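Chains as they are written, first to last, in the entry's author numbering: chain N, 1 to 107; chain F, 523 to 558, 569 to 664; chain B, 523 to 558, 568 to 651; chain E, 523 to 558, 569 to 655; chain D, 35 to 134, 150 to 184, 188 to 310, 313 to 323, 323A, 324 to 355, 357 to 397, 413 to 463, 463A to 463C, 464 to 502; chain A, 314 to 323, 323A, 324 to 355, 357 to 361; chain M, 1 to 82, 82A to 82C, 83 to 100, 100A to 100H, 101 to 113.
Idealized CB from N, CA, C, for every residue including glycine.
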Ligand SMILES: *[C@@H]1O[C@H](CO)[C@@H](O[C@@H]2O[C@H](CO)[C@@H](O[C@@H]3O[C@H](CO[C@H]4O[C@H](CO[C@H]5O[C@H](CO)[C@@H](O)[C@H](O)[C@@H]5O)[C@@H](O)[C@H](O[C@H]5O[C@H](CO)[C@@H](O)[C@H](O)[C@@H]5O)[C@@H]4O)[C@@H](O)[C@H](O[C@H]4O[C@H](CO)[C@@H](O)[C@H](O)[C@@H]4O)[C@@H]3O)[C@H](O)[C@H]2NC(C)=O)[C@H](O)[C@H]1NC(C)=O
Ligand SMILES: *[C@@H]1O[C@H](CO)[C@@H](O[C@@H]2O[C@H](CO)[C@@H](O[C@@H]3O[C@H](CO[C@H]4O[C@H](CO[C@H]5O[C@H](CO)[C@@H](O)[C@H](O)[C@@H]5O)[C@@H](O)[C@H](O[C@H]5O[C@H](CO)[C@@H](O)[C@H](O)[C@@H]5O)[C@@H]4O)[C@@H](O)[C@H](O[C@H]4O[C@H](CO)[C@@H](O)[C@H](O)[C@@H]4O)[C@@H]3O)[C@H](O)[C@H]2NC(C)=O)[C@H](O)[C@H]1NC(C)=O
Ligand SMILES: *[C@@H]1O[C@H](CO)[C@@H](O[C@@H]2O[C@H](CO)[C@@H](O)[C@H](O)[C@H]2NC(C)=O)[C@H](O)[C@H]1NC(C)=O
Ligand SMILES: *[C@@H]1O[C@H](CO)[C@@H](O)[C@H](O)[C@H]1NC(C)=O
Ligand SMILES: *[C@@H]1O[C@H](CO)[C@@H](O)[C@H](O)[C@H]1NC(C)=O
Ligand SMILES: *[C@@H]1O[C@H](CO)[C@@H](O)[C@H](O)[C@H]1NC(C)=O
Ligand SMILES: *[C@@H]1O[C@H](CO)[C@@H](O)[C@H](O)[C@H]1NC(C)=O
Ligand SMILES: *[C@@H]1O[C@H](CO)[C@@H](O)[C@H](O)[C@H]1NC(C)=O
Ligand SMILES: *[C@@H]1O[C@H](CO)[C@@H](O)[C@H](O)[C@H]1NC(C)=O
Ligand SMILES: *[C@@H]1O[C@H](CO)[C@@H](O)[C@H](O)[C@H]1NC(C)=O
Ligand SMILES: *[C@@H]1O[C@H](CO)[C@@H](O)[C@H](O)[C@H]1NC(C)=O
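1. Residues in the same chain with beta-carbon distance under 7 Å from residue 540/B, minus the five sequence neighbours each way, listed in chain order, please.
2. In terms of residue numbering, what span does the beta strand (DSSP E) encompassing residue 201/D cover?
3. Spatial neighbours of residue 599/B within its chain, please: CB distance less than 6 Å, with the 5 preceding and 5 following residues excluded, ordered by chain position.
4. Report the rounded CA-to-CA distance for residue 78/M versus residue 79/D, giving the unit in angstroms.
5. Between residue 455/D and ligand 11, is there a pair consisting of the residue's CB and a ligand heavy atom that are separated by less than 7 Å?
6. Which same chain residues, not among the five before or five after residue 615/B, have their C-beta less than 7 Å away from its C-beta?
7. At a Cβ threshold of 8 Å, is residue 324/A touching chain D?
8. Does ligand 3 have a heavy atom nearer than 7 Å to the CB of residue 448/D?
9. Tell me whether residue 529/F counts as near ligand 4, meaning its Cβ is closer than 7 Å to at least one heavy atom of that ligand.
10. Is DSSP giving residue 374/D helix, strand or coil here?
11. If you measure beta-carbon to beta-carbon, which residues of the segment 526–540 of chain F are closer than 7 Å to chain E?
12. Using a cut-off of 9 Å between C-beta atoms, extract the partners of residue 48/N located in chain M.
13. Assign residue 330/A to one of three DSSP states: helix, strand, or coil.
14. Mind checking if residue 574/E is an interface residue toward chain F, Cβ cutoff 8 Å exclusive?
15. What does residue 655/F touch in chain B if you count any residue whose Cβ is under 7 Å from its own?
16. Which two residues bound the contiguous alpha helix (DSSP H) that contains residue 104/D?
17. Output, in chain order, the set of chain M residues within a Cβ distance shorter than 9 Å of residue 623/F.
18. If we require 4 or more residues per run, which alpha helix (DSSP H) segments fall completely within the segment 580–653 of chain F?
19. At the level of alpha carbons, what is the spacing between residue 131/D and residue 98/D?
20. How is residue 501/D classed by DSSP in three states: helix, strand or coil?
21. Shortest alpha-carbon distance to residue 97/N belongs to which of 35/N, 29/N, 11/N?
22. Below 8 Å between beta carbons: does that hold for residue 100F/M and residue 89/N?
23. For ligand 4, I want to know if residue 88/D counts as a neighbour, meaning its beta carbon is within less than 7 Å of at least one of the ligand's heavy atoms.
24. Is the beta carbon of residue 289/D within less than 7 Å of some heavy atom of ligand 8?
25. Could you name the residues of the same chain whose beta carbon sits closer than 8 Å to that of residue 459/D, not counting the 5 residues immediately before and after it, in chain order?
26. For residue 620/F, go through chain M and note every residue whose CB falls closer than 8 Å to its CB, in chain order.
27. Which partner residues of residue 50/M appear in the DSSP bridge assignment?
28. For the segment 212–261 of chain D, which segments carrying the alpha helix (DSSP H) assignment without a break, of at least 4 residues, lie completely within its bounds, in sequence order?
29. Among residues of its own chain, excluding the 5 on either side of residue 298/D, which ones have a beta-carbon nearer than 6 Å to its beta-carbon?
30. Please report the distance separating the alpha-carbon of residue 16/N from that of residue 39/N.
31. Could you tell me which of 113/M, 36/M, 54/M sits nearest to residue 82/M, measuring between CA atoms?
32. What residues are listed by DSSP as bridge partners for residue 103/M?
33. Within its chain, find whatever has a CB closer than 7 Å to the CB of residue 523/B; leave out the 5 residues flanking it on each side and keep chain order.
34. When the Cα of residue 294/D is compared with those of 331/D, 260/D, 152/D, which residue comes out closest?
35. Of all the CB atoms in chain D, is at least one closer than 8 Å to the CB of residue 629/F?
36. Under 5 Å from any heavy atom of ligand 5, by CB: list those residues in chain order, please.
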C-alpha cells in the first residue's frame, strides 16, 4: 500500500494551511498526522482521523472524505514550519505506510 | 493462554488469533483427556456446566448479530456518561481487566441496548425491505 | 420472561421486542451459579440436561430452515390459506396464534426440509 | 445412509442431502420424542456426550471458518507428505472409509494447520 | 460507538468443581488404591505454566475454596470407601479381659453374637487398651455407644499418592510464585496453570508428616499474628527425618462374624512385647527449633520464645497420629517441645485400632492388624503452633509460648494450597470505538 | 448402638392436655355459606 | 509519560550487521508494542517493524530478508538487528511506543512518544 501527498505548500502568516494526502479507500482506513521539525523526532498532531492530543494547539484539526484527507492549520505561525506526514496501517499486510511529508512554509 | 497485563489496545491486536484458542479450549482436548458419587456425579455436573456456559456466550453473540465474529461493530452509540474518559485513556492506559471493572455497572444497559437495536429494530427493517 | 403483550400485544408489537429468547438458554446458568443428596440431585440434573437439549433442537431446526442467524426469518414458502386465514390486519393486530397449530405443525413441519432440499 | 462402499466422488455428490439426514439432529428430534438409579446415570452420561459431540463438530467447523456450509475450501495446501496420490484416484478409486484410514495419522496436523491458517484472516 | 469483542482475557474469582488427576500409574489389582486411580483422570503430560507479565493479583490462603474442596473429597471418599465393608456391630458385647508396660495389650474372652446357626459359640482376641472401656471386670469397645464401627476392607489401600487438581475448561488456576509469600495480600509473578502440583493427601495432626518445603528459610504464616487463637503454620526449608516402628511380631487370625464376612484381629504375639517408638535426630531437631524461634522472634520482637507442651484431654488433638503402614500411632511429643530459646530423641507411642477419623461422630473405622512387624519413615516439613494467650504480668516476663497444637486437618491441606486461586474466564466485553 | 428414648417420671401432678379457642364468632363463614346455600339444598338452616 | 533512550555503534562497515538497543524508562515493555522507524538523511519516514513481548512480530517487506527484532523484559528494553547493512542504509533509527484502537477491519495504530533517534553511518 502507498500514499499520495504533495511535496510542498506555502502559506502567508495568519492564513489557514491546507495540507493534504490521498489514496485508495482512504475513507475505510483512518489517516493520522505527524509534524517533523528539522533535527527532531516527529510529533503526533492528529490521532485517529481528527482527534487532537494534548500539547497540540487548537489551531490544528483534521477531516477525512472520499479518497483524500486533510490537515488544517488555522492562523499559521512561523513556528509551524515543518514537514507534515500522513500515516495509515494496511491491515491486510501489516504494512505501515507513510506519505512523503509535505514541506509547509509559513511566509 | 493470554497476558492481560497489557493495555486494551495492545492485547486486542491479536484477538483474531488469541480468540479461537480460548474458544477451542472450552470444548476440545480436555474432553479427550477425560476418556476414563465422589468423582462420578461431579464430573457429569462439570460437563453440564461447561456446556451451559458455552451456549450462553454463543447465544449472546447471536442475539447481537456477531455470528461467527470475534470483533463486531453495531449501531448502538456509546453513552459518554459511562467511563467519561478520552478514547486514549481507555485503550492505551487501561487494561482489559481494569476496563471491565469500571463499566461493570453499565453492563445491563449496554446489553439491553444492543438487543433492542441489533437484530431487533434492524430485522423489522429487513422484513419491510423484503416485502417487495 | 416478562411476556409483555403476550396477549393482544397487537401481534406486531410483540415482534418489536422478542426479548424472552434470552431466558431459556441463560437463566439456568444463573440458577446454577447461585447454588454454587441424589434424592433431588438426579432429577435436577435431568432438568438441566433437558433444558439444553430442547434449546439445541430449536437451534437445529432454525439451521435447517436457514434461519439460525436471524430472530425474524422470511422463508420462500407461500402461506397456505387452506389451513387458516383471516385478514393480515387481524393477524397482526390481535395475537393468540394457536388456531394455526394443528395444520402448521404438518405444513411447515414438512416444508422446512422440502424448502431447503429444493432451495436451488 | 448407504453407498458406504462407493467412491469418494460418488458419495460426496449430493453430500448435502445425506448430510441433512445425518445432521437432522444427533438424536433427530430428541429421539423423535419416542423415548420422551444406575440406569439413569448411565443414560445421562450418554446424552451429555451426544451433546458434546454435536457442539464440538460445530465449533471446529466454525473455527475453520465453515459455518452453514458442509463443503469448505480452505487456505491450507495439500502436503504430499500426508499423501501423494493422483487426485483422480483418490476421488474415483478410493472410498471415503479407505481414504480416512489412509490419512488417519495426519488428522491432528491437518486440523491444527487449518485452525492457524483460517484464524489468520484479519477478522 | 459500541463494539463487542469475544475472547477478551478477563477473569473473575470463582468457585468450581475440580477434577482428580492421578500421578502416572498406581493401578494395582491385588489391592486397589483408593485415594488415587479410583475414578481419576490420567496424567496430562507436563504442560507449561504461563507467566502473566506485570499481572498482579490478591491471593488469600485463608477462605480459600480449594481447601474446602480438598476437604470434601477426602471425607466423601473415606466414607464411600468404607461403606461397603463388614459391620463390627456383632462384636459390641461384654468382654472378660485378663491381659497379654503391664496391660498395654488386653487378652479378652469373647462371646460371639452368633453369625450363622443362632446357637452360642466362643472365641478370643487381643486388643490395645486404647480401644476398650473398663465398664465386675466388664469391658466394651469404645465407639459402640456412638455408632456402627466398620472394618476397613483388605482390598482397599489408603496410600497417600499425590493428586493433582485440574480446572474444568473455561476455568483456570492462578499460581503465586512470588518470593516469601506469607499467605495473604497482593502477589506479583503470577502465572496461570492448568492443574496444581501434586499434593500428597497425608492425614495428620500436631506435626506435618510429608510435603513441600520453604524455598530459602523457615516461613511462618498466619491469618493474624496478634490474635493468639489463630493457627500459625510453620514451613521448614530443610527436611527432618522421622523413623517409626512397631517391633511386635503379630500373628493374625480370622474370626467369622457374618455370613459372607470375616473379622480380622491379632491372635498372638511372638516374642517379647516392645513399645512402638519413633526416632528423630537430636541435632536436626534442635537446629530446626532454633531457626523457627529466630523467625518467630522477628514476628514477636524482643521476646524469649518458649514452645512448652501440647495440652488437652483428647488424644486426637494432643498427640500426632502418624499413619504407618495403615496402623495408627499416637505419639508423645513432649520431648520435642519442652524447651525455650533466648540466644537420638525417642518418642513413645501407642497403637489404636478404632478411630472416629476426622474427629467426627456417627462413624468409626476399624483398622485390622498388620502381620509381622512394621517400619516407615517420613520428612516432617512443618509444624502447627498456637499462642498461649495474654497474662496479668503484661508480658514483662516475655517467654511467649507457642504450643505444639493444631487439631483441624484443613490446615494441613491449606499449607499446600496457599499458592493457588480459582478464577473463571469471561470472554465477552465491550468498549467504545469509532465505527458504524 | 440402639438407644430408646422414653419418659422416666412425671414431676408434680398429672394433668390433661388441652387447647384454648376464645369466643370466636365465625358468622361470616356462615354468611358465605348462605350465599352458596341456594346451591347447597336451597335456602336452609345452617348447622355444624 | 515515556522517555525512550537510544544507543548504537554509530559507524559500521557496509557488510556488517547493525545492532541497536532502546531502553524504556516510562512503562513496562509488556504493556505496549514497540516499533522501529528509519529516516535516511533528506528522506521521509520508513517503517522497519514491530514487536511485542509475546512473540507477535512483523516487518516492512523492504527489509525482510535482513531483519530481526527482539525484546528483553528483564531490563525493560528492546532491540533491532539488520544484517548486511550497506551505505544505502545510512539513516536515523528511531524508537517509538505504539498505541492502538481495535476496529473490525481497520485497525488504527499510532507512534506517540518518540525517542530522538540515533544516526547510523555506514561506510568503508
Ligand atoms: C532414620 O532412618 C534413616 C534410614 O532410613 C537413617 O538415614 C541415614 O542418616 C545418616 C545421617 O544421620 C546418613 O549419613 C550420610 O551418609 C553419606 C554416605 O551415604 C551416601 O552413599 C550411599 C552409597 O554409597 C556409599 O555406601 C556404600 C554402602 O552402602 C559403599 O559401598 C559405597 O562405596 C559408599 O561409601 C547411599 O546409599 C546413601 O543414601 C542414598 O541412597 C540410598 C539407597 O538405598 C537411599 O535410600 C537414600 O535415601 C539416599 O538417596 C548416600 O548417598 C555421607 O556422605 C554423609 O556425609 C555428610 O555428613 C557427615 C556428618 O557427620 C559429614 O561429616 C560429611 O562431611 C558429609 O557432609 C553422611 O555420613 C545415612 O546415609 C542415612 N542412611 C540411609 C540408608 O538413608 C537416619 O539416620 C535415621 N534417623 C534416626 C533419628 O533414627
Ligand atoms: C392465646 O395466647 C395469647 C398470648 O400469647 C393471647 O394474646 C392476647 O390477646 C388479648 C385479647 O385479644 C390482647 O388484648 C388486646 O390488646 C390490645 C393492645 O395491644 C397492644 O398493647 C399490648 C399491651 O401493651 C403493654 O405492654 C407493652 C409491652 O411492650 C408496653 O409497651 C405498653 O405500654 C403496655 O404496658 C401489647 O402486648 C401488644 O403487643 C402486640 O405485638 C407483640 C409483638 O411481639 C405480640 O407479642 C403481642 O401478642 C401483640 O400482638 C400491642 O402493642 C388492646 O387494644 C385490645 O383492646 C381493644 O380491643 C378489644 C377487643 O376484644 C376491646 O374489647 C377493647 O375495648 C379495645 O377496643 C386488647 O386489650 C393481648 O394484647 C394479647 N397478647 C398478650 C401478650 O397478652 C390470646 O388471647 C390467647 N388466646 C386464647 C384463645 O387463649
Ligand atoms: C522424603 O524422604 C525420601 C526418602 O525415603 C526422599 O526421597 C529421595 O530423594 C532424593 C533427592 O534428595 C532422590 O535422589 C532419591 O532417589 C529419593 N528416594 C526415594 C525412595 O524416593 C524424599 O526426597 C523426601 N522428601 C522431601 C520433601 O524431602
Ligand atoms: C507492574 O505493574 C505495576 C503497576 O503499578 C508497576 O508499578 C510495576 O513497575 C510493574 N512491574 C514491571 C517491572 O513491569
Ligand atoms: C486369650 O484368653 C484365652 C482365655 O480366655 C486364652 O485361651 C488365650 O490363649 C489368650 N490369648 C493369648 C494370645 O494369650
Ligand atoms: C477386677 O478383678 C479384681 C480381682 O478379682 C477385683 O478386685 C476388681 O474389683 C475387679 N474390677 C471391678 C471393676 O470390680
Ligand atoms: C517469575 O516467575 C517465573 C516462573 O515461576 C520464574 O521463573 C521467575 O524467576 C519469576 N521472577 C521473579 C521471582 O520475579
Ligand atoms: C534453611 O535456612 C537457614 C537460615 O538460617 C540456612 O542456614 C539453612 O542452610 C537453610 N537450609 C537448607 C537446606 O538450605
Ligand atoms: C503479609 O504481608 C503483607 C504485606 O505484603 C501485610 O500487609 C500482611 O498483614 C501480612 N500478613 C500478616 C498475617 O501479618
Ligand atoms: C509424655 O510423657 C510424660 C512423662 O513424664 C507424661 O507426663 C505426659 O503426660 C506424656 N504425654 C502424653 C501426650 O501422653
Ligand atoms: C511449661 O509450663 C509449665 C507450667 O504449666 C512449667 O512448669 C514448665 O516449666 C514450662 N516449660 C517450658 C519449657 O517453659
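In terms of the structure at hand:
1. Close CB contacts of residue 540/B within its chain, under the 7 Å cut and outside five residues either way in sequence, are with 602 (chain order).
2. Run containing residue 201/D: 201–203, per the beta strand (DSSP E) assignment.
3. Cβ contact annotation for residue 599/B (same chain, cutoff 6 Å, sequence separation greater than five): 593, in chain order.
4. A direct Cα-to-Cα measurement between residue 78/M and residue 79/D gives close to 34 Å.
5. Every heavy atom of ligand 11 is 7 Å or more from the Cβ of residue 455/D, so no.
6. Closer than 7 Å at the Cβ level, and outside the excluded window around residue 615/B, lie 630, 631, 634.
7. Answer no: the Cβ-Cβ gap between residue 324/A and chain D never drops below 8 Å.
8. Checking the Cβ of residue 448/D against ligand 3 gives yes.
9. Within the chosen limit of 7 Å, ligand 4 does not reach the beta carbon of residue 529/F with any heavy atom.
10. Residue state, collapsed to three classes: strand.
11. Of all residues in the segment 526–540 of chain F, the ones placed with a Cβ closer than 7 Å to any Cβ belonging to chain E are 538, 539, in chain order.
12. Near residue 48/N (Cβ distances below 9 Å), the residues of chain M are 98, 100E, 100G.
13. Collapsing the DSSP output to three states places residue 330/A in coil.
14. Residue 574/E has a beta carbon lying at 8 Å or more from every beta carbon in chain F.
15. For residue 655/F, the residues of chain B that pass the 7 Å Cβ criterion are 601, 602, 603, in the order they occur in the chain.
16. Start and end: 99–116.
17. Near residue 623/F (Cβ distances below 9 Å), the residues of chain M are 96, 97, 98, 99.
18. 628–634, 639–648, all fully within the segment 580–653 of chain F.
19. Each residue's alpha carbon lies about 49 Å from the other.
20. The DSSP-derived three-state label of residue 501/D is coil.
21. Comparing Cα-Cα distances from residue 97/N to each of 35/N, 29/N, 11/N, the minimum goes to 29/N.
22. Closer than 8 Å, so yes.
23. Taken from the Cβ of residue 88/D, at least one heavy atom of ligand 4 lies inside 7 Å.
24. Taken from the Cβ of residue 289/D, at least one heavy atom of ligand 8 lies inside 7 Å.
25. The answer, listed in chain order, is 280.
26. Result: 96.
27. Beta-bridge pairing links residue 50/M to 35/M, 58/M.
28. Within the segment 212–261 of chain D, no complete alpha helix (DSSP H) segment of 4 residues or longer occurs.
29. Excluding positions up to five away in sequence, the list reads 329, 443.
30. Distance between the alpha carbons of residue 16/N and residue 39/N: 25 Å.
31. Ranking 113/M, 36/M, 54/M by Cα distance to residue 82/M puts 36/M first.
32. As DSSP reads the structure, residue 103/M sits in a beta bridge with 93/M.
33. Once the five neighbours on either side are set aside, the close Cβ partners of residue 523/B are 542, 545.
34. Closest option to residue 294/D, Cα to Cα, is 331/D.
35. Judged by the 8 Å Cβ criterion, residue 629/F is in contact with chain D.
36. Listed along the chain, these residues meet the criterion: 156/D, 158/D, 173/D, 322/D.
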